[PDB]
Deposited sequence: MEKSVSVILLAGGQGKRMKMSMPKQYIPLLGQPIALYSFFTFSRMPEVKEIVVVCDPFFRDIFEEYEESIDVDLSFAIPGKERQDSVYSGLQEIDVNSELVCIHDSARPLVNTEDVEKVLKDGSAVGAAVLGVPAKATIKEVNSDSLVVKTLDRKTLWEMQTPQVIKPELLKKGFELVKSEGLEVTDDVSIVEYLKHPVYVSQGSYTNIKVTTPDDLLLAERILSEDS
């Protein structure tokens, strides 16, 4: 549906403001989402200090711009952003702003899969040789995917996830997130290797090389 998706853009906690070809890293996905007709609003989660970076483009973008205060951990920032979404939003699209080069086609794909399944995340096959290791440092002998963002979830599903975690006192890590505790399926939408997270100066050189084709 048109104007059905609310983006929560994680830009709080800086790496995501270091420019890439003269535009702060955070603005790349911001603009990518803003041009998509499916996207109704972008809730930016950032320190108030950096609000003007997004605010300047508010009149030029075809989305509603909203803000939310960052929390202690990533999941707290998501919860904060969630409190700001349109009451009739059909899909929440959570995105790490340190991921500038997400392609429109791949956002479309994960939105569509999220709509279909209830929860979906962009992923790529893990290129490295990865093995399970037990507590004695031995290989556990017996397909693996690297997760990216967007992570797309229906709001009612996300709300119930937060409810279950707080009422039971469950532990949330980056690996064991809200969805890991739910019995609802999570689809992995096949993305592109170009959707790297930019943290080290080595990544900026790679990101420049990708934007230059």
query: Parts of the chain sequence, as deposited, that carry no C-alpha coordinates in this structure; finding: 14 to 22, 152 to 155, 227 to 228
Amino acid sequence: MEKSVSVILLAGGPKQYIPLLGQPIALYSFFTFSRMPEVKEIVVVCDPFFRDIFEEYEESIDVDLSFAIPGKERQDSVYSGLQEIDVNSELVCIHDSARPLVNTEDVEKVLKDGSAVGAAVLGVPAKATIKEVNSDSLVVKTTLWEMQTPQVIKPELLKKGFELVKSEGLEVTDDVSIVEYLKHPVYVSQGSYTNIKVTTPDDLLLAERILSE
From here on, numbers count along this sequence of modelled residues.
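We call the rigid core whatever largest set of C-alpha positions still superposes within 1.5 Å between the two forms.
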{"property": "Stretch farther from the shown model on average in 4 other deposited structures of this protein, with CA RMS computed after core superposition (164 to 172, 183 to 191)", "result": "164 to 172"}
{"property": "Rigid core superposition result in 4 other deposited structures of this protein, more deviant of 132 to 140, 88 to 96 by Cα", "result": "132 to 140"}
{"property": "Coordinates lacking for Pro24, a third or more of other entries", "result": "no"}
{"property": "Absent coordinates for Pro14 in a third or more of other compared entries", "result": "no"}
{"property": "Mean Cα B-factor comparison, 96 to 104 or 71 to 79, giving the higher one as deposited", "result": "71 to 79"}
{"property": "Between the two ranges 20 to 28 and 199 to 207, the one averaging a larger CA B factor in the entry", "result": "199 to 207"}
{"property": "Most elevated Cα B-factor in the entry, residues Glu146, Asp175, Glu38, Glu156", "result": "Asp175"}
{"property": "Maximum C-alpha temperature factor, selected from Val188, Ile42, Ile53, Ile61", "result": "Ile53"}
{"property": "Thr142 by Cα B-factor - lowest, middle or highest third of the modelled chain", "result": "highest"}
{"property": "Modelled-residue ranking by C-alpha temperature factor, third containing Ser212", "result": "highest"}
{"property": "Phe162 CA temperature factor, ranked by third within the chain", "result": "middle"}
{"property": "Modelled-residue ranking by C-alpha temperature factor, third containing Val152", "result": "lowest"}
{"property": "Chain-relative CA temperature factor third for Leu111", "result": "lowest"}
